Each structure stands twice: as C-alpha cells, then as structure tokens.
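Using ideal geometry, Cβ is built from the backbone for each residue, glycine included, and neighbour counts are taken over all protein chains shown. No value in this document is a laboratory result; all are computed from the given coordinates.
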Amino acid sequence: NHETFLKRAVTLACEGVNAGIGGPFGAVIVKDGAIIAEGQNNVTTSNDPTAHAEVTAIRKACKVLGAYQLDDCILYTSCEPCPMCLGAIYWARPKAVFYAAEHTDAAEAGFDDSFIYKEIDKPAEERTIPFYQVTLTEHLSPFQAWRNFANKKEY
Amino acid sequence: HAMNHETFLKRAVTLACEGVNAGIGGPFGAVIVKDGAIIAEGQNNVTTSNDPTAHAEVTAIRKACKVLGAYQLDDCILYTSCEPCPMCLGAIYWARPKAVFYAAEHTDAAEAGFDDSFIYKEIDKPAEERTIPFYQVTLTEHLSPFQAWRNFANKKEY
Ligand SMILES: [Zn+2]
Ligand SMILES: [Zn+2]
C-alpha cells in the first residue's frame, strides 16, 4: 500500500499543475490505512509561500484530527521534502515519510529546494538572505515566561 | 523617535512573552517591516490553532503576504525573537524578504526544551537513518509532475 499512496501523491502533483492550482508537488497523509488529508502546492493561488503540498496536507490532517501532532501517521510525498517541509514534518511528528522524486529533480525543474539546503550550511551573514544576530538583554525573557506558564501545552 | 533593528526585535520579544502569557502558544514572536513600519506580527500558535507549522515566523509571513496580496515579501525585513528553526528558515527562503534579524539563538530554544537544534542535526543524517525515517521509493512516473510543469504555459513561478 505504500506504493499506492505514493502514486496518489504523484497524481495529485500533476493534477495540481494542470488545473493551475500550483506547483508540481502533491502529498497524502495516512493513518490506519485511510487517507486523512491530501495536499497540493498552492503557493501562488493562495498568496502563501508556505503552502507547499506537505505543509498543506499537514495542516489539513491536523484540523481533521483536532490535534497538533500526527500520531501514528505516515506522510507520502511526490518529491523529497524541501527544508521548510522537512522542518514541518519534524514539528508534526508523523512516524515515517515516503517520497518518490528527489530534491535534485525539484532543482532541475527550477525550484530552490537544493539551494536552500546549501544555504543552511553557509555562515549566517553570508547567506543570500542574510541572518543577523543582535544582542538583546531580555532575549531569554520569553523562555522565562514559558517556564512560569502553568497551563502551557508542549510541542 | 528614531527606530533601529533592536527596537523591532524588542517588539518581537514582547510578542513572544505576551503570546505565552495569553495562552496563544510558545515563546516566540516575529514582525515583518516594510518602509520602516511593521506590516504584520506573528506569535507561535501551534497548540491553539492545531497547526504544527504555526511558528511565529510562518504566521507573520502568511499575514504579511495577505496584507500585500502577494506570495513574496519584496523589500521586507523579518525580525524574530529567536533564530529561525529549519522550517522557518525554509519559509523565509520561499518568501524572499531581504534580510532576517534575530535575538536568541537555536541553542536557547534547545535549552528551553524545543527541537530546533535537533532538527538542524537531522537534516545531515542519511534519510533512512533519521529519527523520523525518510524512505525513497522509485516510481517510473516520478518525473511526470515536472514534465507537466515544464509544459504548463500559464505557470506562475515561485
Ligand atoms: Zn516544501
Ligand atoms: Zn520555526
């Protein structure tokens, strides 16, 4: 069944492109043998650069589950997750990920997937989008608030 | 009142503290600035929105794009209370603001119990050996989406 679900993700990626929804990426999230949510890249039609197929599928699955974690779920994606989506997977915590195409296939199609992976390893200020650290005396204050917030929900 | 980077970062830190104390979510805040003014603010809201992608930076990016009616953050600067985790660093690169300023570091988030540092380390592990394993499966049709894209005349690049 892993192949079946991955084939569905690839079909969704093609359909997304051909219907003008977005980019060539699709994803499916499964739990207990049932698809709980699907996603297609929809960045340009939703004015949301975070609306990658995997992110969209994660958001929709979490809404169906009424949860912020993907306990016992498997994510199937048409292409290896980019850094944003790999991060989203680690915050959502499904049990496994299956993918077909690789980041190099996305890069060959003109996308920044590979470039972003490489930017992570560059020194912060030399990144194409520079990242500057600034010292603030109260930079740990949010963490102190968190420690003292009795009704917190960990994530 | 002259503004500087520290002033926008302090607003991000205030948003992080107030987001925790109002029960919105985690100890992280962010603001997006354009033309010297804040155009969107974000607070981590993962557990109240049932959305593990709702980090402060992602929320601020989403809101700013809605304000601008765009999917890019042309000429914007992002200020965040803590160094972006891998998800948010990726979101920044897909949104394309000009620069990012941050106060606390990934090590501070890790010391407070968050997975920020862990995820950066996981990127470098072989896919199948990751704590959340990533399995590549060969499908004959794996390039079909990209062929569709190359042939879709009205595509909008991003
Ligand atoms: Zn992605
Ligand atoms: Zn983040």
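Between A:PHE98 and A:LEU75, A:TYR76, A:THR77, B:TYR135, the built amide H atoms are under 5 Å apart, and every one of these is 5 or more places off in sequence or on another chain.
Shown for B:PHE101, B:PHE146, B:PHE118: other C-beta atoms within 10 Å of each C-beta, ranked fewest to most, produce the order B:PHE118, B:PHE101, B:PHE146.
Distance between the pseudo-spin-label points of B:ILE123 and A:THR128 (7 Å out from Cα toward the beta carbon): 1.4 nm. Size descriptors for the stretch B:1-151, from the alpha-carbon set: Rg then Dmax equal 17.5, 62 Å.
Mean separation of Cα pairs under 8 Å and 6 or more residues apart, divided by the residue count, gives chain B a relative contact order of 16 percent.
Assuming charge only on the beta carbon of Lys and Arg (+1) and of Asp and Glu (-1), the dipole of the protein assembly as shown about its Cα centre is about 820 debye to the nearest 20. DSSP bridge analysis restricted to chain A gives an antiparallel fraction near 65%, rounded to the nearest 5. Backbone geometry of the stretch A:97-111 corresponds, through the Karplus equation with coefficients 6.51, -1.76 and 1.60 at θ = phi - 60°, to 3J(HN,Hα) couplings of 10, 10, 9, 9, 6, 10, 3, 5, 5, 5, 4, 5, 7, x, 8 Hz, x marking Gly and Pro. Candidates B:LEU139, B:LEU68, B:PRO52 compared by Cα position along the dipole of chain B: farthest toward the positive end lies B:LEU68, with charges placed on Cβ.
Calculated FRET efficiency, A:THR135 to A:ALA96, Cβ-Cβ distance, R0 = 35 Å: about 0.30 to the nearest 0.05. About the centre of its Cα atoms, chain A shows a dipole size close to 680 debye [charges on the beta carbon of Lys, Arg (+1) and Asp, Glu (-1) only; nearest 20 debye]. Just name one of B:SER117, B:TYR158, B:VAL100: the one whose Cα is farthest towards the positive end of the charge dipole of chain B (beta-carbon charges, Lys/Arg +1, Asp/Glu -1). With unit charges placed on the Cβ atoms, the residue in question is B:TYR158. For the protein assembly as shown, the Cα gyration tensor yields ellipsoid semi-axes of 31, 22, 17 Å (square root of five times each eigenvalue, largest first, whole Å). Computed over chain A with a Gaussian network model linking Cα atoms closer than 10 Å, the most mobile of A:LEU12, A:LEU86, A:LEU136 is A:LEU136. Rounded to the nearest 20 debye, the dipole size of the stretch B:72-158 about its Cα centre is 560 debye, using +1 on the Cβ of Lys and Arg and -1 on the Cβ of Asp and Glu. Note on B:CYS65, A:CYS85: ascending count of other Cβ atoms within 10 Å places them as B:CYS65, A:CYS85, the fewest first.
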